[PDB]
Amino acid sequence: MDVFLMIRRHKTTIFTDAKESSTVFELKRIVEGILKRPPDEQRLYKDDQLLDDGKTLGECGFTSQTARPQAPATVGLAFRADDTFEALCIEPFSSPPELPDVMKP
């Protein structure tokens, strides 16, 4: 099944699709095509959980139901700095204003 993802690092968000049956390593190949950093220089996360290269996205819990085109799932991304990886740091999106009174019950 197709899964729809937001791959998020700092203030960067990639919108991409893959398959339940694609591996973490294949998602890293998609990031490399876009951000020009190879898989061995990337760590992908579901929340705080570091993802192994061999697992399928589906095995990591990215499914047709949790990763939808209209509601994509977040994958966290950290690059190697020097001899070590930077900490996972995702800047939140801005927040909406207060709901106007005429839009409440």
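Heads up: residue numbers just count along the shown sequence, starting at 1.
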Revision key, fill the gap. Per the PDB entry, mean CA B-factor is higher for 21-29 or 78-86, namely for 78-86
Review point. Looking only at CA atoms, which has the higher mean B factor in the entry: 6-14 or 93-101?
Key: 93-101
**Study point:** Position of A73 among the chain's modelled residues by C-alpha B-factor, lowest, middle or highest third
**Key:** lowest
Practice item. Give the position of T66 by CA B-factor within its chain, expressed as the lowest, middle or highest third. Key: middle
Revision key, fill the gap. Here the Cα B-factor of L35, set against its chain, lands in the third termed middle
Check your understanding: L57's Cα B-factor: lowest, middle or highest third of the chain?
Key -> middle
Practice item. Sorting the chain's modelled residues by C-alpha B-factor, tell me whether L51 ends up in the lowest, middle or highest third. Key: middle
